[PDB]
Structures are given as C-alpha cells and as structure tokens.
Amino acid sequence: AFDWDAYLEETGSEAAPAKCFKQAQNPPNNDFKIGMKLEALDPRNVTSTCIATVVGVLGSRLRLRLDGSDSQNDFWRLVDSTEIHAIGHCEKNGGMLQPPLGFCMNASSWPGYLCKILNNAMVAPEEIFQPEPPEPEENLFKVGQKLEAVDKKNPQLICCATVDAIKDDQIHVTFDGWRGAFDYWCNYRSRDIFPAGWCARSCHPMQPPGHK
C-alpha cells in the first residue's frame, strides 16, 4: 500500500478529488473467475463485438483474451466497463458476434468456430457485471493534481501520475519518476484513471514513482 498522504506532503501536491473521475465511489466487487467467457469490443477493431475469456483478475479489473486469437494482445477492463457484456447481449441488441482481428483460422471457419467454443462454456452471468459509474459533467481536473493511472504501454500496471496540462476535455497524464515516454493524453471520462488511494481500496497493486 503506497503512502499517498506522505507523498502529497513531500511533493507539496494535491490529489485530484474523486468527483473528477468516471469511477465508482467504492471499487466495484469482482466476482469473475478465470475461464469465464463474455462479450467484449475488440481493441484492434472496436466496431466488432467478440467472445473474450477471463485469463486473469486483479482488483476490479479483468485481463481478457479473445478466443481464436493469440496470447500477445491481452487487454484489461474494469468489471463496470460498458465495453463488456454477458453472452447473448450482442444478439439481443440486433448485432452479430465477429471473429477477432487476430483470428487464427480463415474467416469462413468462423460460424462453426463460435459454436465449438460456446459449447458447454463457462460463462459469466449477467448479475456479476457492475453498473456504469456516473460521469462528471465537465473536466474538473486541474494542472499539478496527482492520481493513479494505467500505464497504457504496460496496462497491468497502475501507477503514480500527475496532470501536466489540460486542453478542454483532454488531460495530459505524466508518470512520476519516468521519462515522458509513458505520458499520454486522455479524455477526463477515461476508465484508465483513478483517484489516489483507489488501488489500495480495490486490492490492485499501485506502482510508486520511477527511480529517474
């Protein structure tokens, strides 16, 4: 557990208030189990809804892998992400499940492939998907404020970070102790940012500043 209180004191800094974030007041419970299948937007084509399997759990997050793809493009979603749903959600809504972009077979093998993987599959029930947190009505972040941020280059990691700059609805996230190489701009609505103390509360590891 990272001592934010001591760190905000020695850096003469403020943590961005919780109201800045599209996150729940309390970290949502994670009742997902490794092996459970669900529906997710393919990060490599966000128009596609694909079958994903939980290959890891960490705090309120799921590590996901798309069935029929590869093990090199896993992605992390919170249990209250709007980009994940129970199987059957896509169809109920007038849509069709797609092969992942990294699909290991030819496309005409898809319809039969879907049947094989869904056959007696462990599926996440709809009741363990958590509700979408309320969003801020505007960008309430201020320059200099600290937070917890997913390192998008190593998304398993949530790290000590600072708001460097603000342009309208975008905030510039910088990683304390790391070269500007891990910096990024994101929307203030980003699911990848959390108030200080959130990880400790969700049992997710929290990276201290880098040694640079």
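In case it trips you up, residue 1 is the first one in the sequence shown, and so on.
The question of which stretch, 138-146 or 70-78, has the higher mean Cα B factor is settled in favour of 138-146.
Stretch comparison (186-194 versus 9-17) by mean CA B-factor in the PDB entry places 9-17 on top. Across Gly59, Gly180, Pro43, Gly35, the entry's maximum B-factor at the CA atom is seen for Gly180.
In this PDB entry, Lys116 carries a Cα temperature factor that places it within the highest third of its chain's modelled residues. Among the modelled residues of its chain, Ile171 has a C-alpha B-factor that falls in the middle third according to the deposited record. Sort the chain's modelled residues by C-alpha temperature factor and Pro99 lands in the lowest third, per the entry. Ranked by Cα temperature factor within the chain, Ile158 sits in the middle third according to the deposited record. For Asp151, the recorded CA temperature factor ranks within the middle third of the chain's modelled residues.
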